[PDB]
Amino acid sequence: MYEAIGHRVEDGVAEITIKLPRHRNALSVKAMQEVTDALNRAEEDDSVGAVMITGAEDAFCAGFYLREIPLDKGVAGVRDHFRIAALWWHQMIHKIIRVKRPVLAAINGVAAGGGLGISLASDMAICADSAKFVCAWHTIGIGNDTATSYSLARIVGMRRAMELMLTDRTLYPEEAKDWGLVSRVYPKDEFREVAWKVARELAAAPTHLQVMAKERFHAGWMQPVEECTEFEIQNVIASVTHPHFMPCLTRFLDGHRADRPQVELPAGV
């Protein structure tokens, strides 16, 4: 089906692969449209319980596909293009945050500009020890976007966000982990496999509860406590009404205990 990205649905995971390895996996306008499409479809698929965004080969995503920028048609040309890709970049970004599925960013290589935006917009993020993160905007002479003014500070605090953007420094895995930018780091050679198992475990876990958590996290950052608890309680009520409930309860009371977390992230490095 898709012609600009890799995609598959297997074992409950809708896996989207950014695919333009020769150009570091930068995202073309058509690919972005496909990514948005695939997210829409994932959310509409009862068989899908989670989404995985990863890059082909050794790069995650190098951001804007600079080579699509028309040089043959003046300022207007350049602008008209940006308007177009900007639209798509954002439709895509918003979707990752709004989609009714947990989204895992398996950062397998470099993430720059929009690629970093992607990793920040996702719900969970893990990376290879060979990965790296860089804003890149300030270097190419373009204003920051891809929701970086939303997501970054929400994850690393205002100061670190500011620093990264202003210095255009490259953030390595250890530091990214420390920052909370990634949860775990895994050896390059084992990454794919690790990431694929995490994805499947996220898919297998109860989507309903996951979505409740995800939407409340985004909403609650900006709301007062009493407003947060009202939407939280609505979820509670809905959740105890759902068929998934009683069985969990009975199992607890019966003496069953889980020998492992819902989603296991191995220690990594």
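Residue indices: 1-based, along the sequence shown.
Looking at 167 to 175 and 116 to 124 together, the entry lists the larger mean B-factor for 167 to 175, computed on C-alpha atoms.
Stretches 64 to 72 and 34 to 42 differ in mean CA B factor, with 64 to 72 having the higher one.
Per the deposited coordinates, the residue with the largest Cα temperature factor out of 210, 47, 239, 223 is 47.
Across 181, 134, 105, 147, the greatest Cα temperature factor reported in the deposited entry is at 134. Among the modelled residues of the chain, residue 58 sits in the highest third by CA temperature factor in this PDB entry. Ranked by C-alpha B-factor against the other modelled residues of its chain, residue 90 falls in the middle third. Sort the modelled residues of the chain by CA B factor and residue 140 lands in the highest third. Annotation for residue 188: C-alpha temperature factor in the middle third relative to the rest of the modelled chain, per the entry.
Annotation for residue 9: C-alpha temperature factor in the lowest third relative to the rest of the modelled chain, per the entry.
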